[PDB]
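An overview of the molecular structure
Here are the chains, one letter per residue:
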Amino acid sequence: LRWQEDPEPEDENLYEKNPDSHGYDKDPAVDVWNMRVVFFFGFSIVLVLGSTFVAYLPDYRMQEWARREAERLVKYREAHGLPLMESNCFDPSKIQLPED
Amino acid sequence: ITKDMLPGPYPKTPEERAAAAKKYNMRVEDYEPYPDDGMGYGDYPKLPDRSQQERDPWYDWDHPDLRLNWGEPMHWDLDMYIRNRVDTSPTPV
Amino acid sequence: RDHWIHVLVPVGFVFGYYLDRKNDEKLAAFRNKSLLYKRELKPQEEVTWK
Amino acid sequence: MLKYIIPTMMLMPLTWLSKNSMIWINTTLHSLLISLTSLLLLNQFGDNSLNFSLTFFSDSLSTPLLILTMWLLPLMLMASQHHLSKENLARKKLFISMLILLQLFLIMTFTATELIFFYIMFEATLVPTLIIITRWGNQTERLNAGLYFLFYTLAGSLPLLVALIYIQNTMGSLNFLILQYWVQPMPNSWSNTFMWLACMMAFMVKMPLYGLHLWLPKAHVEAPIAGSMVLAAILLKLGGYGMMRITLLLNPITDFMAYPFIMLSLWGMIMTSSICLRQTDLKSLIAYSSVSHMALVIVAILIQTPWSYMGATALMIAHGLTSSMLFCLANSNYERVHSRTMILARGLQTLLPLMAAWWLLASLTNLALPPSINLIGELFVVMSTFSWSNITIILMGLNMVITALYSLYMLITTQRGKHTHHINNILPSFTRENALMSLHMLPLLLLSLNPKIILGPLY
Amino acid sequence: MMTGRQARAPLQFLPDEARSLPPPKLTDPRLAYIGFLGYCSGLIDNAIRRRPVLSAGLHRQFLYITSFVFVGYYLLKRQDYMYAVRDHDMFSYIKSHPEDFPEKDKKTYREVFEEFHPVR
Amino acid sequence: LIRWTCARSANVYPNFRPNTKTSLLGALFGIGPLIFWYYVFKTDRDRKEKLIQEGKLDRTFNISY
Amino acid sequence: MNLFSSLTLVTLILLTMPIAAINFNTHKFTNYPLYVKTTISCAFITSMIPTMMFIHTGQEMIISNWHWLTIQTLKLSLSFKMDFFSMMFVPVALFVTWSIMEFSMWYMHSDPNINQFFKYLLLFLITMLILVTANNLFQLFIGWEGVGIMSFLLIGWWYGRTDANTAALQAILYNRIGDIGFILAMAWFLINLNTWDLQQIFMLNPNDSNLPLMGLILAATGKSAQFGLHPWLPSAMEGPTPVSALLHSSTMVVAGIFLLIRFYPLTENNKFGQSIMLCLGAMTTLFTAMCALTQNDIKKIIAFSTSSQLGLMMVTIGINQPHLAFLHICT
Amino acid sequence: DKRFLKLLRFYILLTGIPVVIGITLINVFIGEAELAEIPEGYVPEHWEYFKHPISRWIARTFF
Amino acid sequence: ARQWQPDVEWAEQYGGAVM
Amino acid sequence: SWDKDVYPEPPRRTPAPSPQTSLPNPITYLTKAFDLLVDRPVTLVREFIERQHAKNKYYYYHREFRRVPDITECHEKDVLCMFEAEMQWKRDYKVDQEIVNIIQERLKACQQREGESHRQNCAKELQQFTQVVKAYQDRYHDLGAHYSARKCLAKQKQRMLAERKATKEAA
Ligand SMILES: CCCCCCCCCCCCCCCCCC(=O)OC[C@H](COP(=O)([O-])OCC(O)COP(=O)([O-])OC[C@@H](COC(=O)CCCCCCCCCCCCCCCCC)OC(=O)CCCCCCCCCCCCCCCCC)OC(=O)CCCCCCCCCCCCCCCCC
Ligand SMILES: CCCCCCCCCCCCCCCCCC(=O)OC[C@H](COP(=O)([O-])OC[C@H](O)COP(=O)([O-])OC[C@H](COC(=O)CCCCCCCCCCCCCCCCC)OC(=O)CCCCCCCCCCCCCCCCC)OC(=O)CCCCCCCCCCCCCCCCC
Ligand SMILES: CCCCCCCCCCCCCCCCCC(=O)OC[C@H](COP(=O)([O-])OCC[N+](C)(C)C)OC(=O)CCCCCCCCCCCCCCCCC
Ligand SMILES: CCCCCCCCCCCCCCCCCC(=O)OC[C@H](COP(=O)([O-])OCC[N+](C)(C)C)OC(=O)CCCCCCCCCCCCCCCCC
Ligand SMILES: CCCCCCCCCCCCCCCCCC(=O)OC[C@H](COP(=O)([O-])OCC[N+](C)(C)C)OC(=O)CCCCCCCCCCCCCCCCC
Ligand SMILES: CCCCCCCCCCCCCCCCCC(=O)OC[C@H](COP(=O)(O)OCCN)OC(=O)CCCCCCCCCCCCCCCCC
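The numbering scheme counts residues from 1 along every chain following its written sequence, independent of the entry's numbering, with residues that lack coordinates not shown. Naming scheme: in the order in which they are written, chains are lettered from A and ligands are numbered from 1. These chains belong to a larger assembly; all numbers given describe just the chains displayed. Note: side-chain values were computed over all heavy atoms of the structure, leaving out hydrogens and water.

cryo-EM is the method the PDB entry states for this structure, with the resolution given as 3.7 Å.

A short note on the overall build of chain F
The cut-off we apply is this: A run of H or I in DSSP counts as a helix once it spans at least four residues, and a run of E counts as a strand once it spans at least two, with each numbered from the N terminus. The quantity called the radius of gyration is restricted to C-alpha atoms. Its globule counterpart is 2.2 Å times the number of residues to the power 0.38. Note on exposure labels: buried denotes an accessible area under 20% of the residue type's maximum, exposed denotes more than 50%, and partly exposed covers the range between, all computed with a 1.4 Å probe on protein chains only. In this tally, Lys and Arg are treated as positive and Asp and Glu as negative; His is ignored, and so are the chain termini. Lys charges are placed at NZ, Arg charges at CZ, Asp charges at CG and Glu charges at CD.
A count of helices and strands for chain F gives three helices and zero strands. Written out in order from the N terminus, the α and β elements of chain F read α-α-α. Against the compact-globule benchmark of 11 Å for 65 residues, chain F has a radius of gyration of 23 Å, which places it well outside the compact range. Each principal axis of the C-alpha distribution contributes one length, and for chain F these read about 60 × 30 × 10 Å. Counting every position in chain F, which comprises 65 residues, the buried fraction comes to 32%. Looking at chain F, you have 11 positive and 5 negative side-chain charges, and the mean spots of the two groups are 18 Å apart.

Things to note about the interface of chain H and chain A
Short version of the rule: It only takes one pair of heavy atoms within 4.5 Å for two residues to be counted as in contact. Throughout, the accessible surface (probe 1.4 Å) given up by two parts as they are put together, summed over both, is called the buried area. By convention in these notes, a salt bridge is any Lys or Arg side-chain nitrogen within 4 Å of a carboxyl oxygen on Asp or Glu. Under the rule applied, a polar contact is a pair of N or O atoms within 3.5 Å (in protein, one hydrogen donor and one hydrogen acceptor; residues adjacent in sequence only if both atoms are side-chain atoms). Residue classes follow a fixed rule: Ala, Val, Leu, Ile, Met, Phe, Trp, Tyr, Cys and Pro count as nonpolar, while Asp, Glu, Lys and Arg count as charged, and any other residue, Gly among them, counts as polar.
Counting residues at the interface gives 21 residues for chain H and 19 residues for chain A. When the two sides are added together, the surface that chain H and chain A hide from each other amounts to roughly 1800 Å², 74% of it contributed by carbon and sulfur. Connecting chain H to chain A are zero salt bridges. On inspection of chain H and its partner chain A, the count reaches four residue pairs in polar contact. For the side of chain H that touches chain A, the secondary-structure elements that each account for two or more residues are α1 (2-30) and α2 (53-61) of chain H. Counting residues per element, the side of chain H that touches chain A draws most heavily on α1 of chain H, which supplies 12 residues. Counted by class, the side of chain H that touches chain A contains 15 nonpolar, five polar and one charged residues.

Structural notes on helix α10 (residues 225-233) of chain D
The element α10 of chain D is largely enclosed, with a buried count of nine among its nine residues. For α10 of chain D, every residue scored as buried is listed here: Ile225, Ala226, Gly227, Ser228, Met229, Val230, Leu231, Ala232 and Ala233 of chain D.

What about a nonpolar patch on the surface?
Note the cut-off: Note on patches: the residues involved have over 30% relative accessible area and no salt bridge, like charges join within 9 Å, and the nonpolar side chains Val, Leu, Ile, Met, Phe, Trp and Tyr join within 5 Å. For the accessible areas, the method is Shrake-Rupley and the probe is 1.4 Å, while residue cover comes only from the protein chains on display.
Taken together, the side chains of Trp4, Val7 and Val11 of chain C, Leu17 of chain D together with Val53 and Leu54 of chain E make up a nonpolar region of the molecular surface, amounting to roughly 520 Å² of accessible area. Tracing the backbone shows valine 53 of chain E in the loop between α1 (29-48) and α2 (58-96).

Regarding the interface of chain G and chain D
With 34 residues of chain G in contact, the opposing surface of chain D contributes 41 residues. Across the interface of chain G and chain D, roughly 3400 Å² is buried in total on both sides, 80% from carbon and sulfur atoms. The largest contributions to the chain G side of the interface with chain D come from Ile71, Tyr159 and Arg176 of chain G, which together make up 19% of the buried area. The interface formed by chain G and chain D holds six residue pairs in polar contact in total.

Digging into the arrangement of the chains
Note that chain C does not reach chain G: the shortest distance linking a C-alpha of one to a C-alpha of the other is 25 Å. One finds no contact linking chain B with chain H; the least C-alpha distance across the pair is 28 Å.

Some thoughts on the site of ligand 3
Heads up, the condition is: A cutoff of 4 Å decides nearness: a residue is near a molecule or strand if any of its heavy atoms lies inside that distance of it.
Taken together, the neighbourhood of ligand 3 is formed by 19 residues, with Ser51 and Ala55 of chain A, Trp71 and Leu446 of chain D together with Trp66 of chain G sitting nearest. The environment of ligand 3 is shared, with nearby residues belonging to chains A, D and G. The contact in question runs from an oxygen atom of ligand 3 to an N or O atom on the backbone of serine 51 of chain A, over 3.0 Å. Within the side chain of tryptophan 66 of chain G, a nitrogen or oxygen atom sits 2.3 Å from an oxygen atom of ligand 3. Starting from 1300 Å² of accessible surface for ligand 3 in isolation, the protein chains cover 64%.

Points about the packing of aromatic side chains
So the rule is basically this: Here a pair means two rings of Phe, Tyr or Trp (six-membered ring of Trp) with centres within 6.5 Å. Their orientation is stacked below 30 degrees between planes, edge-to-face above 60, and tilted elsewhere. Two thresholds decide whether a charge sits over a ring: the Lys NZ or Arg CZ must be within 6 Å of the ring centre and within 35 degrees of the ring normal.
In total, this model carries 78 aromatic pairs over all chains according to the counting rule given. Centroid distance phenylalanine 85 of chain G to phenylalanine 258 of chain G: 6.1 Å. Interplanar angle 75 degrees. Geometry classified as edge-to-face. Of this pair, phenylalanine 85 of chain G sits in helix α3 (residues 84-107) while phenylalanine 258 of chain G sits in helix α11 (residues 255-262), and the two are 173 residues apart along the sequence. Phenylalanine 258 of chain G shares its class with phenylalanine 85 of chain G; the two are buried. Arranged with centres 5.6 Å apart and planes meeting at 65 degrees, the rings of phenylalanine 95 of chain G and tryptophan 98 of chain G form a pair that is edge-to-face. Of the two residues, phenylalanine 95 of chain G and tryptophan 98 of chain G are both situated in helix α3; the distance of three residues between them amounts to about one turn of the helix. If you follow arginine 340 of chain D out to its NZ or CZ, it ends over the ring of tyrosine 334 of chain D, 5.3 Å from the centre.

Considering unusual backbone geometry
Between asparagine 251 of chain D and the following residue, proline 252 of chain D, the backbone shows a cis peptide bond with an omega angle of -5 degrees. Among the structural elements, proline 252 of chain D can be located in the loop between α11 (237-246) and α12 (254-257). With an omega of 0 degrees, the peptide bond between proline 370 of chain D and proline 371 of chain D qualifies as cis. A positive phi angle, close to 50 degrees, is found at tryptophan 3 of chain A, a residue other than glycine. Residue placement: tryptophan 3 of chain A occurs in the segment before α1 (14-17). Positive phi outside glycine occurs at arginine 61 of chain A, with the angle close to 60 degrees. Among the structural elements, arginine 61 of chain A can be located in the loop between α3 (43-55) and α4 (65-78).

Quick word on the state of the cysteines
Formally: Two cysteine sulfurs form what is called a disulfide whenever their separation falls within 2.5 Å.
Per the counting criterion, the structure on display carries one disulfide over all chains. Disulfide pairing places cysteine 110 of chain J opposite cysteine 122 of chain J at an S-S distance of 2.0 Å. Judged by the sign of its S-S torsion, about -105 degrees, the bond between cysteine 110 of chain J and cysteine 122 of chain J is left-handed. Taken together, the positions of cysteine 110 of chain J in helix α2 (residues 79-113) and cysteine 122 of chain J in the loop between α3 (118-121) and α4 (123-140) put the pair 12 residues apart, joining distant regions of the chain. No disulfide involves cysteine 279 of chain G; its sulfur sits 19 Å from the nearest other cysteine sulfur, which is in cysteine 291 of chain G. Relative accessible area serves as the criterion here: at 56%, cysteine 279 of chain G is assigned to the exposed category.

A closer look at a negative patch on the surface
Residues and elements named next belong to chain A. A contiguous patch of negative charge on the surface is contributed by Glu8, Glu10, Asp11 and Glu16. Within the fold, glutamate 16 resides in helix α1. Look at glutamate 16 and you get exposed, because its relative accessible area is 65%.

As for helix α1 (residues 14-23) of chain B
Residue and element names in this part refer to chain B. Test applied: Summarising the geometry, the arc corresponds to the directions from the helix axis toward the C-beta atoms.
Those residues of α1 lying buried are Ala20, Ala21 and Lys23. What you see down the axis of α1 is that its buried residues fit within an arc of 150 degrees, all on one side. In α1, those exposed residues whose orientation departs by more than 90 degrees from the buried face are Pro14, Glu15 and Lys22. Among the residues trailing α1, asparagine 25 stands out with phi positive, at a value near 55 degrees.

Remarks on the site of ligand 2
Neighbouring ligand 2 are 38 residues; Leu369 of chain D together with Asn23, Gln116, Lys119 and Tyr120 of chain G lie closest to it. Mapping the residues adjacent to ligand 2 onto the chains of the assembly identifies chains A, D, G and H. Within the contact set of ligand 2, an oxygen atom lies 3.1 Å away from a side-chain nitrogen or oxygen of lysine 119 of chain G. Within the contact set of ligand 2, an oxygen atom lies 3.2 Å away from a side-chain nitrogen or oxygen of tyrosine 120 of chain G. In the complex, the protein chains occlude 76% of the 1800 Å² of accessible area that ligand 2 would expose alone. The set of elements that each furnish at least two residues to the shell around ligand 2 consists of α3 of chain A, α16 (353-366) and α19 (431-446) of chain D, α4 (114-131) and α5 (137-155) of chain G together with α1 of chain H. Element by element, the count of residues in the shell around ligand 2 is highest for α16 of chain D, at eight residues.

As structure tokens, this is what we get:
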């Protein structure tokens, strides 16, 4: 027998000696407290309170504000006969074109 | 698993072909490997190239949804010739 | 303390939080000097941000 | 960003001073605290990015990848402890330390202000990954898998290094905040052509590119479960994040040089999908699925339109969570049947019904079932590529047939049909395994409700 | 590079004009990194000689930390000295030769014509 | 089963001989479709660019891209 | 206004409540099929009020109750559209699904997974009434993929049978081939009109719309089992007879025809698309009704019958009569 | 599987129910803000630029 | 089923005068 | 509420109910049932909520981003002024985007509430939409996903070259 070796162990079932096991640990008190850590700091901390935190973000990248500003500025140019948008972004009086 | 049951290169001599037929658990006259044209098969057997739908279903197989035994040399396209895919069972016309 | 290992990472976050707020003091070269957020200082208020 | 690097470094005395059964619980508890803490980077603005110091800033692009990365450590610590219960305590602490070290390199890869620090961390993420693959892998072919993973990436990146130093000699700096403003239009010569290739090919390797993807089906089926999760979910997204950083400097030469790599990816997303049709190895099927999804991210970055960048970042986040859940499902077979052959273990819905429901949910989100952000990313990429060229929809739509056909076949083979007769160690699902599936999928199902936090710098 | 600078005064680790600079603090973070390397040298020195990694050699770890901090302090002083010398030589050479360093007329973007290359 | 997974996956390149048959299959299957899709999308985008740069393509409402 | 929209959304929320009831259980239910049957009974009784107050006045509206996304110019809002089509189809869909559930209390009594079956059938009903009430192509794609995936999960019901799983994989393959054309249509409308909402599509009124109509014809061929993409509806009888009776006769398979009837302000302005729909519908109604003449399995014959009527629906769309086609669906 | 479902719903509802009750007690009692024009000389803090009280609390404390 | 570690057959590749 | 002018509506002109039949139509009785059983308790609940709200009044403010020097008066490769220019342009970019969103909302609501006669009666909203989409396409289209004020100014200079060539070639 080449390279003398241990016999290969068994793929052990945690539910034989511990039918109340969650699968984290074979010592049941440490196992159930690991279950409590996973569920509390994974659901009662991160999913629920974190989803509340993401739910009430203060206007993530100004998607509210830029609407409301628009609801003023269209008012600023529906009244006084200005067009709603120019074809120019920057002022064409302060652009020096290259001559030909 | 040990290496003398695993596949090797394509055999040349008839004693190597006979030892490989002893490996794949099939008879020597029926032992046909894929031909040496360089495609990358090796000594893998070329089974009769039909579906598992043509298998007689009333036999008590080991894997009934495959209609396939244990240790029997599988086809090269076995996931292609299951009943979920391409059927080569004979048609009336 | 019987649970001295559960206060490495919260005290570590307090330490990183304080180093970041303290690093925000050294990059305050334009504290109330931008051409947008410039204004007159309100009384009993010597910085615009910390 | 020094409030996230200091606790991640503090996780090393948290894992080397812990008691012999506490070394999973302490790291999982504190890493979940760090992941809940990681939502503070949602202070983004529609004009300015969240900019911390000379060394670190975090825009709306690096932020979801950061939250995903700091969320991926507890999921790896849950996923990678049932096959390491008989492992020695010292090497168990070493495995946890390598995962924490890889998180430490990743969280300051994405927040890198100056791009040579991005390069140093971007190639620093090889070393704990390489140690994980070659040390805690399970089969014989991992050692070869330590070479193909390594010497491909460096074979692109040591030219890339040179390229970055050229910008340090030409533009004057490698800050991304400066190079938004001092970027010059890169003309046509062979010099600027190899400048483009040197900037792009290392990220093409780590996307992966169709043709340079040979490291990936070998580095996923030979890693352990935490390794496969972190290579699928983040380490393929270093390439996409880096391309979104680095194509700023590469205009307008990208508008006529990127065509062959667009063709490579638009045909590789068909060919690797047809490879996903014919995989006997389940974990290989999930790896080729990762290639077939990241090809669209390559296309959406190279066509460089806003719909394409938002679709590419949504598909990167969504495919990260989807492929991590799929590799954990492959692990939840492989810890009970002890073979990655997909045709071996059939009929698991008769045995594991809630786990079969998790297989159903991951198999539906892999084919981008709306309104999941898989379909948001996939959809915006397809819209922008119809904007690019009107024939490309064919190669998108044909892909969106075959993307179904391996997502459902993996759903049909592993779950439906007659069960296996010679197997009787199909144990019930642990609370670890179902908690693992829930923490993979339920953030991906909650991001359907509010996707506007994962949609790039130009939402 | 500076072999014409450190040739009139050889074998000086810190010259007289090295003290005209602000010295590093005791709370210098690079010096604290070298102190971390000293504690890691103590830890590896425990680990390779099969000692307890945290218990054995508190005087040994303490002198490893003190020795790395004591060498690193003067290495940081020489580092800051040589970069200050580099910038002092650069600024004196920019002052001495104005015709090689013209004040660049930065014309604003209203005159700068950059050709628009569209993405479609 | 282990033998079939080994023949399908881990014994492909050690069973390979590069000859004229496999070369004219590999080049015809690997780079052939790529060069074809290159010609297709390049012809279509050159036609599209020639239409856009003159205004001959109706691009009135196209503002999301 | 306070009545119509209220009972409209109350219909759909009343449908979504027993999914929350079945998912949040601890005990075994005391007669859960009676619970869901009473739910959809009261949903029919509820949805008859907006039908009556549409028949009297002619009151159509849009409930854009939740703006969900803004991709730089395109507003993705949770928008429902109550017009003639929803007001005449939602009572028919709810009433037929109510009859199918009270048939399923008789048929599926041998199943211990009967509660899972009624859960899945309610999920299909929710996604179908998302499909027929959508205001835009993204929400219509949500309902589209919802009814496609519930076609998968309810063809492959007895999952140990290989042919059922194979027919479900077949059905999704043909549906994704339809999805190619539907995503082509969404791509064309986004790029050339900057919209997915149907109001702006109908207002801008394109006239060189041959390619998006070819995409919508491919979508209808994938969903309503027209020729070239038909055989999934023959193979789709391998699921349960309530699944066939509801989905593949009355409720699912009239969704692509609903997509074509939905776009009548665009299909009214194309002759070539009408000729394509006319030839395809005649091809389908010839071939399926010819196949149904010699068969011997009764479910195959009635499935070929409803595919023949889908071919007739395609013909009567092709003659510029969408409303006779919708009357034919609800008949 | 039933034990996982009961523990999952319990540890979600453990902060699901009291935080939804807190959202109720903020939206009914504390109250959503109202839009106003900017006065002369008055410069708010950055958290007084948002609508909901919870977004204002986040913008004052964390950001 | 367990983890593979190298045997004598693999280790005799590293034992010659050369590689 | 909102602003009635930026979201315009025609005057609501409902016709009168003309009862001709002898059967009482169920809409009036279902309307009174929904009025008594649902509408008034929701009214009382909303007014209870209103009395809870009114005890603590406070306000937010619509933040004014005042104008800074734009990209045309910034020196080349000077980041301290072109940063302000770029942030100004990106905020104006989001504002123009939301203006186009407001015009889309106007057009869709005109097509709905003008019903079957939508092709004629919404010519003014269609004309406003066509002009603002032509302006948005000439302003921000085809910039690229790495857009900046340098890119927008380069596009604007190209189009002013084309307009000057169009003026010169016909004069
Ligand atoms: C709800 C608890 C359920 C059980 C708990 C457990 C739940 C599971 C765990 C959850 C864990 C937490 C998750 C994170 C939550 C974060 C919060 C959040 O998401 O906020 C979002 C968002 C934010 O609101 P906000 O910013 O906080 O405040 C809004 C205003 O600013 C301010 O508005 P306001 O101040 O005016 O109102 C404040 C509100 C308090 O605030 C809230 O309630 C809002 C927060 C609730 C969030 C709940 C989220 C959980 C999920 C709920 C939905 C799924 C449940 C399961 C499935 C059910 C069936 C679908 O006050 C009231 O509720 C009082 C009014 C009640 C009116 C109804 C009754 C009137 C008549 C009564 C007559 C009898 C008495 C007569 C005499 C009285 C004398 C005085 O809140 C909501 O959207 C509310 C949720 C419900 C919306 C409507 C639902 C139906 C919509 C139908 C149409 C659309 C769908 C169509 C579908 C079609 C088919 C597909
Ligand atoms: C911020 C506040 C938000 C509040 C609202 C919450 C929003 C959603 C959150 C996530 C909810 C998912 C929960 C169910 C799925 C996962 C677990 C599972 O397998 O359950 C089966 C199991 C029921 O089975 P069972 O008979 O009791 O026993 C197991 C069976 O033996 C074996 O079971 P089976 O095989 O018979 O069942 C398989 C069946 C298979 O059924 C299907 O596949 C058909 C339905 C899905 C496909 C077709 C529809 C596609 C979408 C259209 C409709 C939705 C959008 C409509 C929008 C309006 C119109 C546009 O699955 C279902 O029936 C699941 C129903 C829900 C499916 C959601 C979509 C998943 C499809 C993939 C992604 C699709 C796009 C994204 C959708 C995102 C929606 C928000 O569920 C449970 O026992 C419940 C477990 C606890 C659930 C906790 C959920 C909350 C987690 C997060 C907490 C923190 C955030 C605060 C929110 C708290 C809310 C309570
Ligand atoms: C994020 C990138 C990294 C990924 C990993 C993340 C790790 C950390 C994980 C933390 C949690 C996840 C983070 C993101 C959270 C996203 C969710 C969120 O915050 O949402 C806020 C959103 C907020 O909506 P909103 O975006 O419109 O915001 C409204 C605006 N405010 C709140 C300011 C007034 O919440 C909701 O949408 C909830 C709506 C009410 C509750 C649901 C009602 C309907 C329920 C279903 C009815 C039936 C439907 C049909 C069903 C058919 C069958 C299926
Ligand atoms: C993953 C494997 C494949 C990786 C592929 C990586 C890209 C392929 C090409 C890489 C070339 C090397 C980096 C180029 C950096 C260019 C920087 C620059 O500014 O260049 C302009 C400069 C131009 O010179 P200059 O800037 O000094 O010019 C003077 C200035 N003017 C123009 C005014 C006169 O380019 C060069 O000097 C040469 C560039 C080409 C270098 C050729 C040698 C390398 C050969 C290819 C190596 C490929 C990877 C090897 C590993 C593969 C596996 C073993
Ligand atoms: C059964 C119990 C129910 C709850 C009982 C107790 C509460 C009683 C009633 C009082 C509730 C409180 C007041 C009303 C609610 C809040 C009103 C409000 O304005 O809220 C802010 C908003 C309204 O929109 P908004 O425009 O004000 O804000 C959206 C947020 N921004 C603009 C930043 C993006 O949100 C809601 O009202 C949320 C409603 C959610 C309902 C639908 C859920 C769908 C779930 C699947 C999602 C995926 C769909 C994807 C496709 C979409 C289409 C393309
Ligand atoms: C309005 C326009 C209309 C145009 C119409 C004309 C053009 C399109 C014509 C249709 C072409 C595609 C459809 C044909 C292939 C259908 C594949 C399928 O699912 O077949 C069913 C088959 C088994 O089912 P069956 O044979 O019925 O079972 C009897 C039991 N002994 O199932 C199996 O064996 C399962 C096989 C799984 C693997 C499938 C491999 C093939 C995948 C094909 C993808 C096609 C993508 C097309 C993309 C187009 C892009 C434009």
